[PDB]
Amino acid sequence: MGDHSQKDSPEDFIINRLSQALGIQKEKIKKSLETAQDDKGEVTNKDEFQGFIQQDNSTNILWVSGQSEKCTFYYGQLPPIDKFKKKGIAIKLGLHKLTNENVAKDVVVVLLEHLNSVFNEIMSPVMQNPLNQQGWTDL
């Protein structure tokens with residue numbers, strides 16, 4: 001059963017933890033804030049919608065017009081913002097096993113983005129060193 005348009009929330013509550021939490025499932029602040037109508041619809045489409053394994057949660061802390069709990073599904077994240085993306089039903093794997101493939105990456109506020117890109121490139125080189133792929137990579 002895992003979690004639906006709440007499975008991901010619960011997982012992030014435990015995983016995000018700020019070095020000491022492992023909260024598990026649902027975020028009271030997101031429910032308490034109740035923002036925003038556009039955000040509720042974007043989140044509902046992510047949850048049981050097909051077709052789309054991405055969502056961001058953006059913390060963005062202080063600065064100017066901070067994204068904070070952003071975040072959105074796709075869209076954009078601005079700047080010291082700290083958020084993350086998870087993979088659910090990565091075109092559509094929904095309505096069967098809870099997106100078992102789901103991939104999770106945390107993204108800090110801060111360059112920091114260039115360092116993250118370098119880390120991603122290193123991960124790709126490590127993958128190339130390990131397997132050959134299933135020809136999706138091919139040559």
# chains A, B, ... in the order shown; residues from 1 in each chain; ligands from 1
call {"tool": "residues_around", "arguments": {"residues": "residue 25 of chain A", "least_positions_apart": "2", "cutoff": "7 Å", "atoms": "only C-alpha atoms", "output": "short mmCIF file (atom, residue, chain, number, x, y, z; two decimals) with C-alpha atoms, in the first residue's frame"}}
result
data_model
loop_
_atom_site.label_atom_id
_atom_site.label_comp_id
_atom_site.auth_asym_id
_atom_site.auth_seq_id
_atom_site.Cartn_x
_atom_site.Cartn_y
_atom_site.Cartn_z
CA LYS A 7 3.24 8.37 0.52
CA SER A 9 5.09 13.34 2.05
CA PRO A 10 5.55 10.74 4.72
CA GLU A 11 8.85 9.52 3.25
CA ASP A 12 10.19 13.09 3.07
CA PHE A 13 9.17 13.86 6.62
CA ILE A 14 11.50 11.02 7.76
CA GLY A 23 9.82 11.84 11.28
CA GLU A 27 4.04 16.97 7.09
#
call {"tool": "select_by_dssp", "arguments": {"residues": "chain A", "states": "strand (DSSP E)", "output": "list in words"}}
result
residues 56, 57, 58, 83, 84, 85, 86, 104, 105, 106 and 107 of chain A
call {"tool": "residues_around", "arguments": {"residues": "residue 93 of chain A", "least_positions_apart": "4", "cutoff": "10 Å", "atoms": "only C-alpha atoms", "output": "PyMOL selection string"}}
result
chain A and resi 50-53+88-89+97-101
call {"tool": "closest_residue", "arguments": {"among": "A:80, A:94, A:29, A:128", "to": "residue 111 of chain A", "atoms": "only C-alpha atoms"}}
result
A:80
call {"tool": "closest_residue", "arguments": {"among": "A:103, A:33, A:90, A:81", "to": "residue 46 of chain A", "atoms": "only C-alpha atoms"}}
result
A:90
call {"tool": "select_by_dssp", "arguments": {"residues": "segment 26-132 of chain A", "states": "alpha helix (DSSP H)", "output": "number ranges by chain"}}
result
A: 28-33, 37-48, 112-128
call {"tool": "residues_around", "arguments": {"residues": "residue 56 of chain A", "least_positions_apart": "5", "cutoff": "6 Å", "atoms": "only C-alpha atoms", "output": "ChimeraX atom specification"}}
result
/A:71-73,84-85
call {"tool": "write_last_selection", "arguments": {"atoms": "C-alpha atoms", "output": "short mmCIF file (atom, residue, chain, number, x, y, z; two decimals), in the first residue's frame"}}
result
data_model
loop_
_atom_site.label_atom_id
_atom_site.label_comp_id
_atom_site.auth_asym_id
_atom_site.auth_seq_id
_atom_site.Cartn_x
_atom_site.Cartn_y
_atom_site.Cartn_z
CA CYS A 71 8.36 23.77 -4.00
CA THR A 72 6.05 22.70 -6.89
CA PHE A 73 5.97 19.63 -9.21
CA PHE A 84 14.33 17.92 -3.17
CA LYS A 85 12.95 15.78 -5.92
#
call {"tool": "closest_residue", "arguments": {"among": "A:57, A:20, A:65, A:132", "to": "residue 39 of chain A", "atoms": "only C-alpha atoms"}}
result
A:57
call {"tool": "closest_residue", "arguments": {"among": "A:69, A:63, A:35, A:108", "to": "residue 82 of chain A", "atoms": "only C-alpha atoms"}}
result
A:108
call {"tool": "atom_distance", "arguments": {"atom1": "atom CA of residue 77 of chain A", "atom2": "atom CA of residue 60 of chain A"}}
result
8.5 Å
call {"tool": "atom_distance", "arguments": {"atom1": "atom CA of residue 4 of chain A", "atom2": "atom CA of residue 95 of chain A"}}
result
9.6 Å
call {"tool": "closest_residue", "arguments": {"among": "A:113, A:42, A:47, A:3", "to": "residue 74 of chain A", "atoms": "only C-alpha atoms"}}
result
A:42
call {"tool": "closest_residue", "arguments": {"among": "A:59, A:54, A:137, A:116", "to": "residue 18 of chain A", "atoms": "only C-alpha atoms"}}
result
A:59
call {"tool": "atom_distance", "arguments": {"atom1": "atom CA of residue 43 of chain A", "atom2": "atom CA of residue 5 of chain A"}}
result
7.1 Å
call {"tool": "decode", "arguments": {"residues": "segment 5-45 of chain A", "atoms": "C-alpha atoms", "output": "CSV table (one decimal), in the first residue's frame"}}
result
chain,number,residue,atom,x,y,z
A,5,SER,CA,-0.4,11.8,-2.6
A,6,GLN,CA,0.8,11.3,1.0
A,7,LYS,CA,3.2,8.4,0.5
A,8,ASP,CA,5.9,10.8,-0.7
A,9,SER,CA,5.1,13.3,2.0
A,10,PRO,CA,5.6,10.7,4.7
A,11,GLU,CA,8.8,9.5,3.3
A,12,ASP,CA,10.2,13.1,3.1
A,13,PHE,CA,9.2,13.9,6.6
A,14,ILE,CA,11.5,11.0,7.8
A,15,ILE,CA,14.3,11.5,5.2
A,16,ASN,CA,14.8,15.2,5.0
A,17,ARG,CA,15.3,15.3,9.2
A,18,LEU,CA,18.0,18.1,9.3
A,19,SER,CA,20.5,15.5,10.7
A,20,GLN,CA,18.3,14.2,13.6
A,21,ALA,CA,14.6,13.4,12.9
A,22,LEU,CA,13.4,10.4,10.8
A,23,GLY,CA,9.8,11.8,11.3
A,24,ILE,CA,8.0,9.3,9.0
A,25,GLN,CA,5.2,10.3,6.5
A,26,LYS,CA,2.9,13.3,6.7
A,27,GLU,CA,4.0,17.0,7.1
A,28,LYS,CA,1.7,18.9,9.5
A,29,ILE,CA,3.1,22.3,8.3
A,30,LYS,CA,2.2,21.6,4.7
A,31,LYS,CA,-1.3,20.6,5.7
A,32,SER,CA,-1.5,23.5,8.2
A,33,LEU,CA,-0.3,26.1,5.7
A,34,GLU,CA,-2.9,24.9,3.1
A,35,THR,CA,-1.0,26.8,0.3
A,36,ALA,CA,-1.6,26.9,-2.5
A,37,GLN,CA,-4.7,26.2,-4.7
A,38,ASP,CA,-2.3,26.0,-7.7
A,39,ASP,CA,0.0,23.9,-5.4
A,40,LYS,CA,-2.9,21.5,-4.4
A,41,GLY,CA,-3.7,20.8,-8.0
A,42,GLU,CA,0.0,20.3,-9.0
A,43,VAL,CA,0.4,18.0,-6.0
A,44,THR,CA,-2.8,16.0,-6.9
A,45,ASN,CA,-1.6,15.5,-10.4
